[PDB]
Amino acid sequence: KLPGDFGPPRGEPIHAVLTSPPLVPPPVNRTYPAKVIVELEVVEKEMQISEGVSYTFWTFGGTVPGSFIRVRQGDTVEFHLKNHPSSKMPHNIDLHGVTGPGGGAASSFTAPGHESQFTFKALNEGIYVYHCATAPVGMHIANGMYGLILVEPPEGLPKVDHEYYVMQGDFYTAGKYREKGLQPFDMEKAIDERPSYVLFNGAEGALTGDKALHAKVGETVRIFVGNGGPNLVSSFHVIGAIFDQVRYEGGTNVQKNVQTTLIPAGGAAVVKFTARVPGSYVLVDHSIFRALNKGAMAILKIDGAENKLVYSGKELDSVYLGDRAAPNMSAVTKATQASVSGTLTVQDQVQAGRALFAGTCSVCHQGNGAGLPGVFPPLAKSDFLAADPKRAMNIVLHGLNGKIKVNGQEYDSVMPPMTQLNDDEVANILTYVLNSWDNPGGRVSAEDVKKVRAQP
Amino acid sequence: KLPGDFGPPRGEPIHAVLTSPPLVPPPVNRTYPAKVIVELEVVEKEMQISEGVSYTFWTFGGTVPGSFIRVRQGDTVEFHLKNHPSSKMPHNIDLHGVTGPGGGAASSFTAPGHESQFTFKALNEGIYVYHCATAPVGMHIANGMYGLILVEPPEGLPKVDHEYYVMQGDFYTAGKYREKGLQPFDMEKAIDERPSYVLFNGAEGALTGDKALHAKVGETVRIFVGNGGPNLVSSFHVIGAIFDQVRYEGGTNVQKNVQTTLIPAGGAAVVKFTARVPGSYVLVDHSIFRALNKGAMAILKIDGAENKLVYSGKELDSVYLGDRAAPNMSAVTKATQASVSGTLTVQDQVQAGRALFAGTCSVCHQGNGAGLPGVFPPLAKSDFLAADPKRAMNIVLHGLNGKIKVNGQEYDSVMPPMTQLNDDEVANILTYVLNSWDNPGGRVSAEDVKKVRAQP
Amino acid sequence: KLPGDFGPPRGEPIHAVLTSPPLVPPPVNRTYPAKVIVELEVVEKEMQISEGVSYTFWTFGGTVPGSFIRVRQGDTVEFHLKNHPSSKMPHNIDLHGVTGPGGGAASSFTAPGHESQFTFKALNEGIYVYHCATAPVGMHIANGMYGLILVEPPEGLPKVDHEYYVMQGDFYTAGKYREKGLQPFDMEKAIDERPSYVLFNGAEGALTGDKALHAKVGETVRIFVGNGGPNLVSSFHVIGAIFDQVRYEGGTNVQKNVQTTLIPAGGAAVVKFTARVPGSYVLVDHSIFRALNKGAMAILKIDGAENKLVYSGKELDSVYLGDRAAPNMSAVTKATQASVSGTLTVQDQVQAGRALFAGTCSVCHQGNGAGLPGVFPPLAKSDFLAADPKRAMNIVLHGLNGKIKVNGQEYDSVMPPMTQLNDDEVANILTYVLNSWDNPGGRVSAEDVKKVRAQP
Ligand code: HEC
Ligand code: HEC
Ligand code: HEC
Ligand SMILES: [Cu+2]
Ligand SMILES: [Cu+2]
Ligand SMILES: [Cu+2]
Ligand SMILES: [Cu+2]
Ligand SMILES: [Cu+2]
Ligand SMILES: [Cu+2]
């Protein structure tokens with residue numbers, strides 16, 4: 001007998017309602033197998049991969065990851081793929097969980113402006129990645145062509161308070177991390193498995209700040225977690241919490257009470273979380289430079305009463321979360337646009353710099369620039385800053401050590417170089433500082449920084 | 001008590017019959033512990049790692065992976081390692097599953113032209129990697145010195161219709177992927193874990209096309225899957241199917257009903273597959289640039305009747321499998337040899353280009369060069385191609401965008417650069433196209449392409 | 001109900017006794033929940049990451065990994081973090097296993113010369129990584145800021161004969177592997193996940209030779225194994241043995257009878273080993289260039305009677321373990337210091353070269369330099385060596401092939417290049433050889449090698 005042998009489809013054909021991340025369709029809530037009609041459209045479009053950084057994404061349903069599909073084991077799925085006429089590339093689909101060559105790939109080949117269809121029976125319960133399977137496949141996947149399909153067990157999953165959809169991917173831009181402008185795909189970095197960004201849900205900050213996932217103390221949360229790759233394996237982890245359950249694909253095995261779990265490239269898992277105490281819980285790839293240097297962080301924010309018997313401490317802040325502690329970094333987007341338009345004002349720079357100062361600089365110099373006397377020198381009303389703005393550019397790029405005097409006090413410490421900051425970021429940060437805390441005002445330009453970077 | 005305590009060896013000494021990949025020795029089919037004599041010979045030799053690409057492999061038994069060894073838990077194994085007189089390096093062996101320092105390494109050190117032996121009891125059931133353990137060990141492993149030993153449980157494994165032997169490895173050549181000639185090992189790429197090839201069974205195409213694994217609808221297939229490394233961890237996956245069972249080494253844990261599973265460097269697993277519907281099922285490392293850009297694909301081809309209730313779609317083709325959809329790429333080998341000999345003909349180039357055109361170019365331009373009017377321009381009887389062959393070289397290497405006119409119709413799309421193609425590959429592809437579909441004939445040489453690559 | 005609901009703390013407050021690697025605190029041996037006071041101090045200090053190679057480590061408790069903390073599920077932990085006044089950076093802590101945002105991070109922020117405290121209930125049994133969580137977090141982790149906390153189940157873990165503490169990390173120096181001197185952290189290699197060293201317990205040789213872990217035949221050994229990362233996933237493996245049990249974090253799953261197991265970045269596991277036969281058992285990351293080219297090897301040395309029925313072979317030697325077979329490589333440290341001081345003698349070089357010759361050269365040329373007539377030429381009383389010392393430098397760096405005559409016998413083989421050896425290493429090795437085995441004496445300097453490396 002084949003698995004999923006629940007007989008022919010019955011009832012009426014069901015048009016599947018698909019959802020955009022990070023939301024999930026409702027439970028199927030059905031006791032009979034059905035014919036389920038799935039309609040998905042490929043759209044190629046520019047979107048912001050980071051503030052001020054555009055990328056040409058290739059998408060299933062207009063999002064990265066693509067629309068979530070939810071069916072029942074034993075269903076007959078009539079899958080329709082449409083390729084929007086604006087597309088330049090052909091596309092197709094391989095759904096993990098399909099029983100048949102290519103997971104649908106040969107029969108779903110769809111040129112721009114065309115449609116295709118194929119039918120499969122969902123024999124296999126589980127959570128599964130789907131992705132494009134069009135040569136060059138790695139390029140298509142790298143450009144965002146992946147999503148999740150859930151094939152429910154016949155009785156449904158246990159009830160929870162919230163269900164969310166989170167998918168990791170690695171991305172390959174010609175430019176470096178946070179370098180502004182429309183960034184091409186970089187095939188050489190992709191072949192070498194050297195991503196410039198590693199993201200949840202297609203963008204930096206997609207699930208942080210005002211875009212966080214939400215729940216309340218006492219509630220249960222199920223997260224459908226994909227790893228589209230193309231190349232990286234996620235050391236997937238929740239900061240400050242534990243997973244009650246982790247189940248990979250449709251596996252019989254269920255691990256319970258783990259905090260860190262390896263998700264293969266192309267893999268998927270269902271995790272369950274129970275909210276205990278309020279605050280922000282961070283989903284990360286614990287290959288930690290991905291999480292804290294390339295974008296791979298997402299937030300589940302829990303509302304409710306503190307329990308000092310369980311945890312006496314404070315909510316997360318910019319020391320750990322960096323510049324993603326805040327609701328958003330919209331000022332960076334605005335300043336980048338203003339630079340393109342040739343209308344960049346001092347205030348545009350100040351507000352972008354404010355956003356970027358958090359964590360990056362405030363960890364040592366404090367959010368108010370006061371530092372810590374004799375330990376971390378002040379940026380507030382700083383004589384040393386005022387005396388030489390070009391020196392300040394060199395300090396950000398190249399670091400500073402040795403004995404200095406600031407506001408009448410000696411320091412003898414080490415500020416590491418921060419050369420990974422882009423010219424606009426340094427410029428904006430320093431313009432923020434110059435226009436705060438009784439400093440002398442004025443501005444630093446990206447071009448000013450470019451010149452210092454070329455001659456330390 | 002130690003595990004495997006089934007008493008002293010009984011019966012007669014058994015000379016083990018070892019098999020070359022992808023075949024496996026028969027089940028031991030024995031109820032008593034034996035003394036098993038294993039004889040393995042190291043041979044260093046050039047073989048083709050890809051068509052026209054030679055490599056000096058170091059082998060156990062003349063193959064990569066090395067010969068498969070099959071014994072029973074509780075057996076006493078008298079292991080004999082011989083190092084062929086033609087060898088330049090000394091060699092030895094570490095068998096995972098051996099209880100004792102180095103897994104045999106110190107007592108198996110064997111200079112060229114020598115032999116060694118040691119004896120161990122197989123206490124531990126499971127599937128296990130063996131490999132060379134001679135300084136510099138990573139070099140020996142990278143050169144192909146790894147294989148599998150199966151230690152059966154006393155009652156044997158459950159009966160299946162087919163057993164196969166598949167082992168992943170990462171390889172490090174001085175040249176780039178598909179660059180022709182005898183390629184040295186590259187220690188710098190090896191230390192950086194930046195392989196040029198990632199392969200099953202020692203070569204591109206080792207298990208594709210006419211070298212695929214076979215079974216029929218309804219049959220069960222057990223695959224002994226190794227990962228020799230040296231360095232990579234496989235996101236091991238079957239496209240279009242599921243694994244009934246995955247069991248690592250001799251672990252008590254068995255995962256069931258998973259499609260994607262992580263195999264450590266040095267690790268091994270036993271997977272089971274049940275054939276449901278006909279077609280080609282692809283074993284891959286789903287760190288997908290390895291599978292589709294570096295060689296890490298293998299095929300299990302299933303014969304039998306379609307079942308439209310389960311899968312309505314078609315067999316895999318070159319859109320997904322690329323140039324490995326075909327039975328073989330022997331024409332590439334032949335053309336590379338003819339170049340070396342100084343006898344390369346137009347037809348030699350045409351037949352190599354034909355092989356290389358599949359997927360790489362046909363995904364957009366079609367197998368007949370017709371394209372799709374207004375979407376993908378024709379290569380068949382193409383005025384634009386004929387008008388400027390050097391332009392065509394530049395388009396392959398460097399891409400093309402913007403409005404063009406071909407055969408009286410405007411196109412306004414994007415052909416990505418294909419700079420990873422080697423000079424001979426571009427030359428051969430374009431010579432194929434020029435000599436097909438009423439195009440004007442002639443040829444493009446590797447030297448012609450080299451010149452365009454040096455000045456875009 | 002929350003997990004760990006064993007009621008309020010009772011008895012007296014307990015001041016936790018923390019241990020330095022590779023030792024573990026005693027079992028808590030307690031049937032009631034307690035208030036446990038933990039005091040940990042951050043110290044930034046230079047230590048030797050390899051012989052003659054200094055690094056500025058940032059530590060919890062003065063060691064890498066940091067001090068081991070051992071508590072009972074259901075305990076209330078009052079955690080005190082102090083930052084030594086000599087520190088330049090602020091620090092904090094995220095303990096995996098803590099229920100609360102950041103795992104303690106916001107409330108543990110501690111500037112140099114300050115202290116902080118927070119309280120948490122240990123709801124979650126398991127073995128857990130702790131680490132610094134101060135921007136830039138990856139830098140702090142890379143500099144050594146990680147350790148383990150064990151939260152025992154209420155009944156305690158089963159009794160074993162020995163408990164040890166082993167933690168992997170990846171490290172990023174500006175210089176190459178084994179390049180001498182004080183090495184800065186390299187942010188570019190860290191972001192690219194390209195470590196120069198991969199170590200157990202903070203240094204090359206930390207757990208080899210005279211620093212090996214010990215047990216006797218018949219004894220059980222539990223190892224608490226961490227992977228601090230920041231970035232790598234360990235293919236964690238024991239050479240020549242098997243793990244009776246592997247349990248990750250506080251997971252319900254326990255794998256039994258495996259040799260190779262994947263430990264995520266940030267992950268931890270408890271493994272159990274039973275000693276069967278004497279000799280050295282190697283813990284490695286089986287992404288094997290890490291183990292054999294970057295430092296990722298540790299030894300469990302078992303004392304007792306051989307059992308020829310189980311294993312007939314010899315103890316590990318330098319063929320497999322390389323230059324870590326010996327008790328230590330102190331002579332390298334001494335020679336590097338003498339170079340810095342300008343007092344380097346011939347004998348200083350000879351003794352450093354002796355240490356470095358093992359495995360690296362002896363695998364082929366033998367420990368006595370005799371080679372194997374006609375196969376591996378002698379370095380003992382070698383006419384060919386004596387005839388041209390600069391040629392010998394070129395051979396080490398750049399290899400040698402083709403027909404040569406040494407001591408009246410022809411060789412026609414291949415010595416691979418060894419360009420990864422640093423100038424001082426080549427110099428010292430060759431000075432050792434020149435001053436051994438009736439060779440002519442004299443010396444080779446690092447500067448001599450530098451010149452040959454610049455012009456092959
Ligand atoms: C802690 C790790 C720091 C971070 C992050 C940043 N800075 Fe810093 N800064 C730090 C120290 C210890 C010092 C003094 C070094 C010494 O030689 O003793 C400094 C110094 C500066 C200065 C100059 C002095 C002053 O005006 O107070 C400037 C202008 C400065 N730092 C700016 C700055 C900015 C803009 C940062 C974010 C990009 C930043 N610093 C981070 C320590 C640390
Ligand atoms: C789809 C992703 C493509 C692949 C793969 C290949 N080509 Fe292509 N090609 C494509 C487009 C959309 C265009 C037109 C670009 C525009 O500006 O609108 C082209 C064009 C060419 C041409 C020139 C026009 C013609 O003669 O039809 C040539 C000679 C050409 N392409 C060759 C070619 C070859 C040999 C390829 C495999 C190496 C190949 N193309 C791949 C789209 C795509
Ligand atoms: C086996 C893989 C080797 C290792 C490791 C090392 N050497 Fe070697 N060496 C080897 C061979 C096969 C040869 C001869 C090459 C040929 O063309 O046939 C050599 C040669 C030398 C020589 C010159 C000849 C001599 O004096 O015997 C020297 C000086 C030499 N080798 C030194 C040397 C040192 C110092 C090494 C460790 C750094 C070393 N070799 C490693 C094979 C192998
Ligand atoms: Cu696509
Ligand atoms: Cu896939
Ligand atoms: Cu070998
Ligand atoms: Cu091994
Ligand atoms: Cu720190
Ligand atoms: Cu962590």
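Lettering of chains follows the sequences in order, A, B, ..., and the numbering in each one begins at 1.
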| task | Test salt bridge (charged side-chain N to carboxylate O under 4.0 Å, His left out) on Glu163(B) and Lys272(B) and set out the steps. | result | CA-CA 9 Å; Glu163(B) 293 180 308; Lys272(B) 185 170 158 288; over 6 Å; no

| query | Given the rule in the ring pair (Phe, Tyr, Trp, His ring centres under 6.0 Å) test, do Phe273(A) and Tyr281(A) qualify, once you have shown the distances and angles that lead to the verdict? | reply | CA-CA 10 Å; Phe273(A) 171 106; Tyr281(A) 298 91; 5.7 Å; yes

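Looking only at atom types and distance, the side chain of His162(A) has a donor-acceptor partner in the side chain of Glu219(A) under 3.5 Å away. Counted by atom type alone, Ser20(A) and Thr63(A) present zero donor-acceptor pairs between their side chains at under 3.5 Å. There is a side-chain donor-acceptor pair under 3.5 Å between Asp94(A) and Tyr320(B). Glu315(B) and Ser280(B) share a donor-acceptor pair across their side chains, judged by distance under 3.5 Å alone. Residues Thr274(A) and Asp244(A) have side chains that bring a donor and an acceptor to within less than 3.5 angstrom of each other. Using modelled atom types and a 3.5 Å distance limit, the side chains of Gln168(A) and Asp285(A) yield a donor-acceptor pair. In summary, the side chains of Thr260(A) and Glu249(C) do present a donor paired with an acceptor at a separation below 3.5 Å, with no hydrogens or angles considered. Judged purely by distance below 3.5 Å, without hydrogens or angles, the side chains of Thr134(A) and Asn92(A) pair a donor atom with an acceptor atom. Residues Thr261(C) and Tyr248(B) bring no donor and acceptor atom of their side chains to less than 3.5 Å of each other.
In this structure, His96(A) and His237(B) have tilted ring planes: the angle between them lies in the 30° to 60° band.
Nearest heavy-atom pair, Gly104(A) versus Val98(A), reported as atom, atom and distance to 0.1 Å: N-CG1, 4.3 Å.
If you take CE on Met167(A) and CZ on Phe68(A), they are separated by 10.0 Å, rounding to the nearest 0.5 Å.
Salt-bridge check for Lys82(A) with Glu39(A): failed, with every basic side-chain N at 4.0 Å or more from each acidic carboxylate O.
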